[PDB]
Amino acid sequence: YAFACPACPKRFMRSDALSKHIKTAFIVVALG
């Protein structure tokens with residue numbers, strides 16, 4: 001399927017290790 005199989009691959013974590021804080025500067029929509 002395509003709605004849980006992935007979720008958090010080893011490729012996304014890359015664009016995720018700089019899009020949960022650098023995309024802002026706080027704790028509300030940064031981390032998650």
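Below, the structure is looked at part by part.

### Examining the overall build of the protein chain
Part 1 of the reasoning: If you tally the helices and strands in the protein chain, you get one helix and zero strands.
Part 2 of the reasoning: C-alpha atoms of the protein chain, sized along the principal axes, occupy 35 × 15 × 10 Å.
Part 3 of the reasoning: Taken across its 32 residues, the protein chain has 3% of its residues classed as buried.
Part 4 of the reasoning: Only carbon and sulfur atoms are counted for the fraction: they give 65% of the accessible area of the protein chain, which is about 3,000 Å².

### Things to note about the environment of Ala 25
Part 1 of the reasoning: Positionally, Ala 25 belongs in the segment after α1 (12–16).
Part 2 of the reasoning: Measuring from C-alpha to C-alpha, the distance between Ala 25 and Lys 10 comes to 25 Å, with 15 residues separating the pair along the chain.

Calculation notes
Residues numbered from 1 in each chain as written, not as in the entry; some residues may be left out. Heavy atoms only, no water. Helix = DSSP H or I, 4+ residues; strand = E, 2+ residues; numbered from the N terminus. Buried < 20%, exposed > 50% of the residue type's maximum accessible area, 1.4 Å probe, protein only. Areas by Shrake-Rupley, 256 points an atom, 1.4 Å probe, with all protein chains shown as cover.

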